[PDB]
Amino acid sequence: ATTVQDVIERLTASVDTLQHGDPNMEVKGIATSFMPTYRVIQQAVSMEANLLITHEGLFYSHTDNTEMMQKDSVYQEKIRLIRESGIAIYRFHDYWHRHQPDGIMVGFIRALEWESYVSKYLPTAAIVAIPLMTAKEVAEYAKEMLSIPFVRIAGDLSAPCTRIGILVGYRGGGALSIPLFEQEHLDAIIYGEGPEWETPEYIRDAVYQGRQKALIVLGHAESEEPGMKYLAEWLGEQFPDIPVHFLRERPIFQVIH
């Protein structure tokens, strides 16, 4: 007779709020996803999952924008679907990141089958030491393992890489990323999203100065969806009598080239 709040308690004790729904509802199935899109909510209904665990918020902000969205028709139609669906939606974000090895990062490393190459887990990043690959080869490897349509790369595509730093989510900014390059003697960094005018411009200059360095930018959702698939596997083991599944979304962007 596991309830919504029972699941939240197990998640909160492995180491973020119930955006909607009855915490005392009995859980009949669980979906996980990076983003609680309108279509993911419809898919949860079709799967008869009445608890959706997602990484991001419901209404396109990390802050509470409910008042600014009250007159918005997209918000109104989404809240109408949520009320009709009877689903509960829980945002699981900070806890998973703050675990000893960050669970989002662990999921990413596992998706790339790089468990055996991890040199160290840092609070904000992980470091891997791999057999030599060019930066373009690392970019192609990540694209293939993650099954994503495109990646972006700054700097030297031919840079020989044996030490790589990984930062998931919106962690590509210069304050987190730039110090790692010489502190951990990195050839390249992989990250999800960050300001275009910070770490990529550092790499542009470094390559201009002759350094063989590069930056592989995956996409924010692309960098964190392995963590949410990993979460569904963990939840399915924690609750073996409740069906639990990851829902993947389509890429947010298409490239016009």
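Residue indices: 1-based, along the sequence shown.
Unmodelled deposited residues between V15 and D16: 4 to 9, per the record. The mean C-alpha temperature factor is higher for 92 to 100 when 152 to 160 and 92 to 100 are set side by side. Per-stretch averaging of Cα B factors for 192 to 200 and 54 to 62 places 54 to 62 on top. The entry lists C-alpha B-factors for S33, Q43, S223, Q212, and the highest of these is at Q212. Per the PDB entry, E182 shows the highest C-alpha temperature factor of the residues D187, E182, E77, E137. Per-chain ranking of the deposited C-alpha B factor places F108 in the lowest third. Among the modelled residues of its chain, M47 has a C-alpha B-factor that falls in the middle third, as given in the PDB entry. In this PDB entry, the Cα temperature factor of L218 sits in the bottom third of its chain's modelled residues, the lowest group. Ranked against the other modelled residues of its chain, the C-alpha B-factor of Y38 as given in the entry falls in the lowest third. For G165, the recorded CA temperature factor ranks within the lowest third of the chain's modelled residues.
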